[PDB]
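Read off the chains here:
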Number of protein chains: 2
Amino acid sequence: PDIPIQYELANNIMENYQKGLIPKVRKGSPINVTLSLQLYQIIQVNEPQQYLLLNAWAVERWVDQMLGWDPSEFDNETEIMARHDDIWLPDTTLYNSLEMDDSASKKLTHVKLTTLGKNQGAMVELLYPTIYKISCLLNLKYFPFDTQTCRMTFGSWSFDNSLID
Amino acid sequence: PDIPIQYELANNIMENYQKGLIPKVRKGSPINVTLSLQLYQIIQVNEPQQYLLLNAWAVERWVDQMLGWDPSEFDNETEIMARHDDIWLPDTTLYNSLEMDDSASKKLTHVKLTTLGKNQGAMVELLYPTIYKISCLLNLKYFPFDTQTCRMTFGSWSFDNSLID
Ligand SMILES: *[C@@H]1O[C@H](CO)[C@@H](O[C@@H]2O[C@H](CO)[C@@H](O)[C@H](O)[C@H]2NC(C)=O)[C@H](O)[C@H]1NC(C)=O
Ligand SMILES: *[C@@H]1O[C@H](CO)[C@@H](O[C@@H]2O[C@H](CO)[C@@H](O)[C@H](O)[C@H]2NC(C)=O)[C@H](O)[C@H]1NC(C)=O
Ligand SMILES: *[C@@H]1O[C@H](CO)[C@@H](O)[C@H](O)[C@H]1NC(C)=O
Ligand SMILES: *[C@@H]1O[C@H](CO)[C@@H](O)[C@H](O)[C@H]1NC(C)=O
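Residues numbered from 1 in each chain as written, not as in the entry; some residues may be left out. Chains lettered and ligands numbered in written order. Part of a larger assembly, values for the part shown. Heavy atoms only, no water.

Draft legend 1. How the structure looks around the overall build of chain A. Scanning chain A for helices and strands turns up one helix and seven strands. Ordered by position in the sequence, the α and β elements of chain A form the string α-β-β-β-β-β-β-β. Computed over the C-alpha atoms, the radius of gyration of chain A is 20 Å, more than 25% above the 15 Å expected from 2.2 N^0.38 for a compact globule of 165 residues. A principal-axis box enclosing the C-alpha atoms of chain A has dimensions of 70 × 40 × 25 Å. Every one of the 165 residues in chain A was classed for burial, and the buried ones make up 39%. Accessible area for chain A stands at about 9600 Å²; split by element, carbon and sulfur atoms hold 50% of it. (Helix = DSSP H or I, 4+ residues; strand = E, 2+ residues; numbered from the N terminus. Rg over C-alpha atoms; globule rule 2.2 N^0.38 Å. Buried < 20%, exposed > 50% of the residue type's maximum accessible area, 1.4 Å probe, protein only. Areas by Shrake-Rupley, 256 points an atom, 1.4 Å probe, with all protein chains shown as cover.)

Laid out in structure tokens, this is it:
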């Protein structure tokens, strides 16, 4: 009738879904997460406090083995946009971050769900802008002709290699 | 009886509505969003950190194809004032923003709904004040007789041209 097909799609795929648990139907394999980074700006290289302020564009892709639907049933449709609140998100952490509030370093709004099949899951694309307060060591021996290398360690804080890769 | 007609109006249009999904009943056309901007103040042109602090008035108009009602049924009322939490809002993002917390750069409080018909949708007006921390490059070659141009890039972070225009 007047109800959109995406309403039925989201009601169907997010029916028995539990966002508080890792969507790993298969037992013997971790969830592969593909993190991609773009540098947009270097806001501040703060020598006195060993912190660098970066403005990055982070893209995060994995496969959610529970949010899979058949495109033929739901009117040919192969994509749907949901909210980051409604699905399980990997806890990608910047290990050397100097900011503990994730509302000042991340702008998670929406996720994109592309189906691979009913029982095969769906690709989840997570695009969000970040502001990283990075703890980097400065070797100011050749100041002001110095070059500095800044490391960004990314990983899951609570999930090990057997759960999230 | 003693119940207002706007109570019956908001209960009827917001009955099967889902605010987590784009209100696009029609298939082959994006949602047109009309962003209008007013400059109210230039708080700070911070040369050392390449950021300009603006105080703007943003007005956002689109058509919500699901929130349409027949005025004649609901005592011939053509408008209703709702909250931004209750309806779907486009993710209008300032691309070069230096602030990721949207509670320090935006004051979304209410929305205005004007009906175009039962099955034709409703015009949504979103008025809110903003404080923009803008990443702008300064060419201080003619200081202090210098003129600077500051760019403000606006768009959806996750929705492409086929969804939001
Ligand atoms: C996650 O990554 C692993 C790689 O460690 C993938 O395992 C591969 O699976 C294919 C079959 O689909 C095999 O042909 C490859 O040999 C496997 N790789 C290795 C290194 O053994 C896995 O498929 C990926 N996806 C998951 C687990 O959903
Ligand atoms: C959104 O904007 C598009 C313009 O791209 C509108 O499409 C127009 O539709 C009218 C009919 O209502 C046609 O007469 C015009 O020729 C169309 N424009 C173009 C450029 O083809 C569309 O109606 C707008 N509103 C929506 C999609 O709800
Ligand atoms: C898309 O779906 C419609 C109806 O569901 C169908 O008519 C059309 O053939 C589909 N497209 C393809 C390429 O199969
Ligand atoms: C608006 O509705 C009221 C009550 O239903 C009616 O008395 C009035 O005539 C209507 N106005 C117009 C212009 O039809």
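So much for the structure itself; the text now carries on.
Draft legend 2. Seen up close, the relation of the copies chain B and chain A. You can overlay chain B on chain A at an RMSD of 0.1 Å; the transform is a turn of 72° with a shift of 0.0 Å along its axis. In the structure described here, the two chain copies are related by an operation that fits a five-fold rotation axis. Minimal C-alpha distance to the rotation axis in chain B is attained by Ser 103 of chain B, lying at 7.9 Å. (Least-squares fit on C-alpha atoms.)

Draft legend 3. Up close: the pattern of salt bridges. All names here are of chain B. On inspection of all chains with the given rule, the structure shows five salt bridges over all chains. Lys 118 is the partner of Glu 73 in a salt bridge, and the nearest nitrogen-oxygen pair spans 3.1 Å. Of this pair, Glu 73 sits in the loop between β2 (51-64) and β3 (79-83) while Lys 118 sits in the loop between β5 (110-117) and β6 (121-135), placing them 45 residues apart in sequence. Looking at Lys 118, the relative accessible area reads 43%, which means it is partly exposed. A salt bridge links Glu 79 to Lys 112, with the shortest nitrogen-to-oxygen separation between them at 3.3 Å. One end of the pair, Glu 79, is in strand β3; the other, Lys 112, is in strand β5, and 33 residues separate them in sequence. (Salt bridge = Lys/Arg side-chain N within 4 Å of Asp/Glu carboxyl O.)

Draft legend 4. Geometry of the pairing of β3 of chain B. Residue and element names in this part refer to chain B. Judged by which residues are buried, β3 turns out to be one-sided: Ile 80 and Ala 82 face inward and are buried, whereas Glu 79, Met 81 and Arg 83, on the alternate face, are not. Alignment of β3 against β5, held across five bridges, turns out to be antiparallel. By the bridge assignment for β5, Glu 79 is matched with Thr 114. (Pairing = 2+ DSSP bridges.)

Draft legend 5. The site of ligand 1, seen in detail. Residue and element names in this part refer to chain A. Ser 29, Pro 30 and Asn 32 make up every residue found near ligand 1. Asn 32 is positioned with one of its side-chain polar atoms (N or O) 2.4 Å from an oxygen atom of ligand 1. Taking 560 Å² as the accessible area of ligand 1 by itself, protein coverage stands at 20%. (Near = heavy atom within 4 Å. Polar contact = N/O pair within 3.5 Å; in protein donor to acceptor, adjacent residues only side chain to side chain.)

Draft legend 6. Representation of the sheet that holds strand β1 (residues 34-46) of chain A. Residue and element names in this part refer to chain A. Pairing is antiparallel in the open sheet, where five strands are placed in the order β1-β2-β6-β5-β3. The open sheet has two edge strands with one neighbour each: β1 and β3 (79-83). Averaged over all neighbouring strand pairs, the angle between strand axes comes to 25°, with direction disregarded. Across 11 bridges, β1 lies against strand β2 (residues 51-64) in antiparallel orientation. Among the inter-strand pairings, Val 45 is bridged to a residue of β2, identified as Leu 52. (Axes fitted to C-alpha atoms, helices over the stretch in contact; angles between N-to-C directions.)

Draft legend 7. Just the interface of chain B and chain A, in detail. Each partner contributes residues to the interface: chain B has 29 residues there, and chain A has 27 residues. Regarding the contact of chain B and chain A, the summed buried area is about 2400 Å², with carbon and sulfur atoms giving 58% of it. Contact with chain A buries area across many residues of chain B, yet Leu 21, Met 100 and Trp 157 of chain B alone supply 31% of it, more than any other trio. Taken together, chain B and chain A are joined by five residue pairs in polar contact. Of the residues that constitute the side of chain B that touches chain A, the class distribution is 13 nonpolar, 11 polar and five charged. (Contact = heavy atoms within 4.5 Å. Buried area = accessible area lost by both parts, 1.4 Å probe. Nonpolar A, V, L, I, M, F, W, Y, C, P; charged D, E, K, R; others polar.)

Draft legend 8. The UniProt feature "disulfide bond" in chain A, seen in detail. Here the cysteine sulfurs of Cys 136 of chain A and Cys 150 of chain A are separated by 4.2 Å, meaning the disulfide UniProt annotates for them is broken. For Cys 136 of chain A, the position within the fold is in the loop between β6 (121-135) and β7 (154-156). (Disulfide = S-S within 2.5 Å. UniProt positions renumbered as here; feature names shortened; annotations may be inferred.)

Draft legend 9. Seen up close, a nonpolar patch on the surface. Together, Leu 39, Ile 42 and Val 45 of chain A make up a nonpolar patch on the protein surface, roughly 270 Å² of accessible area in all. Mapped onto the elements of the fold, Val 45 of chain A is located in strand β1. (Patch = residues over 30% accessible without salt bridge, like charges linked within 9 Å, V, L, I, M, F, W, Y side chains within 5 Å.)

Draft legend 10. Looking closely at the nonpolar core. Ranked by size, the top nonpolar core spans 68 residues in total, and within it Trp 62 of chain A together with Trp 62 of chain B carry the most contacts. Not counting the four nearest positions on each side in its chain, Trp 62 of chain B is found in contact with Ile 31, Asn 32, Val 33, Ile 87, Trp 88, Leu 89, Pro 90, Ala 122, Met 123, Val 124 and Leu 126 of chain B. Counting residues in hydrophobic clusters, the runner-up holds eight residues, among them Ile 43 and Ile 131 of chain A together with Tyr 51 and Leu 53 of chain B. (Core = buried A, V, L, I, M, F, W, Y, C linked by side-chain atoms within 4.5 Å.)

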